[PDB]
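In the form whose entry title says "closed state", a lone chain appears below as structure tokens.
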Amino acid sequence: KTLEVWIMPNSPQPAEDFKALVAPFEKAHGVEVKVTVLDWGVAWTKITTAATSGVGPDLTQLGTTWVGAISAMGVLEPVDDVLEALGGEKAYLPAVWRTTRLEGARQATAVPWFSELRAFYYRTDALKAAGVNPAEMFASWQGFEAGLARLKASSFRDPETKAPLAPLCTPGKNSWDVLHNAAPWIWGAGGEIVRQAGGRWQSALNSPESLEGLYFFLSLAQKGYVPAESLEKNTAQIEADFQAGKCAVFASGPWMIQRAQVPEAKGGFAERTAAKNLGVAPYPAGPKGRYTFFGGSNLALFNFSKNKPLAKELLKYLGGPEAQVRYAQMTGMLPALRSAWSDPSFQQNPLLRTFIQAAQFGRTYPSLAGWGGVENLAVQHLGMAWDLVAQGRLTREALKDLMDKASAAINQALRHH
């Protein structure tokens, strides 16, 4: 008797780590859990195709921002019973509890698996040589720009590369992170990705404060703090650039702390200079508030599964205290189950404590039926904003026109695919 699970690359050896996580469940129940790893860039295509075709795994990993969109298609088995078995609404942060369902829905369609939120990694060696105080650089937008300017002027060279470091690396194309990396600047300026306007969600990417935030962020590339090359790269490539010692600063989740402690052979970067000179700081406060992206992933059961009782036992296992701590140790993500955040393993990790204590500023998108389509279009149009910088064509007016077109396309996507 057999289960199929789809996962995304959450750990350095994703399939191997997942098989080690579930080995105790397989021995307790005498069942094989098969796992298939889907890269984040293809995960939306494969999960939507399973949903429309009626053919797929028993369980899939679902990014928190996609839970509503797949739930709206009527293909997910309700999992209120599993959530109750794990201690109900009180066993979770309210933010995590909202990701268990499409907004407004009666029944939970996803079990919280892990949480993640964004902050700035920085080269402790690079900022000290530039004379940049991290606490000041990451406190405000003025501090953040002032720090990048000192990093740009610095004569510091990576000991291994013997070359200067880009002050800031950020992916300009492909990745969902093109949206998640823009969102804190939009939010900090008092903007948002979407707003409710008389019963209906619509794009707010072209609101005055959304344009102010987005323009500040884009203007960092325009000022030469982000290298032109970075504007054509995706998250994986920017990550690799940081590990290789080529960027002083970059935004990521808590998984990089875990990657920093594991050799290249096992998918980490423990051998690199960047791993030995690693700091973390939260997103700076904008003029209207202080925000970072908060998300993570849940687990969802397809209602066409031929193994629903067994699949629910797997959900209860993976969502429960033991598996929560073990998978968070293997991945460097945060447990989704509130109680596991206290575990000593997490408490005593200095860089991880910075992530945990930055949760205070965590914000996520509303859980809407349109949302996978919104992320695809957002990533495409923000990709074109980064192009305006690459081309030396970034003005207030060209960004406004571009986000008007993004907003028209997003409004379509909130209505239908």
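Between two forms, the rigid core is defined as the largest C-alpha subset superposing within 1.5 Å. The first residue of the sequence shown is number 1, and the count goes up from there.
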Out of 150-158 and 247-255, which stretch has the higher average CA B-factor listed in the record?
150-158
Which is higher on mean Cα B factor in this entry, 170-178 or 257-265?
257-265
Between 290, 223, 118, 123, where does the Cα B-factor run highest in the record?
223
Highest CA temperature factor in the entry: which of 356, 28, 67, 37?
28
Record-listed C-alpha B factor of residue 313: chain third:
middle
Mind checking which third residue 201 falls in for C-alpha B-factor across the chain?
highest
What third of the chain does residue 10 rank in for C-alpha temperature factor, lowest, middle or highest?
lowest
Is the Cα B-factor recorded for residue 239 in the lowest, middle or highest third of its chain?
middle
Ranked C-alpha temperature factor of residue 141 among modelled chain residues, by third:
middle
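Note that the form whose entry title says "open state" isn't included here; everything after this is about it.
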Core-superposed comparison between this form and the one not shown - Cα displaced by 2 angstroms or more, from 339, 133, 124, 142:
339
Aligning on the core only, does the CA of residue 97 end up 2 angstroms or more away between this form and the one not shown?
yes
Given a core-based superposition, decide whether the C-alpha of residue 285 shifts by 2 Å or more between this form and the one not shown.
no
Has the Cα of residue 245 moved 2 Å or more between this form and the one not shown, judged after a core fit?
no
So the C-alpha spacing of residue 160 and residue 13 changes by 3 Å or more in the other entry; is that change toward closer or farther than shown?
farther
Using the form shown as baseline, tell whether residue 42 and residue 252 are closer or farther in Cα-Cα distance in the other entry, where the change reaches 3 Å or more.
farther
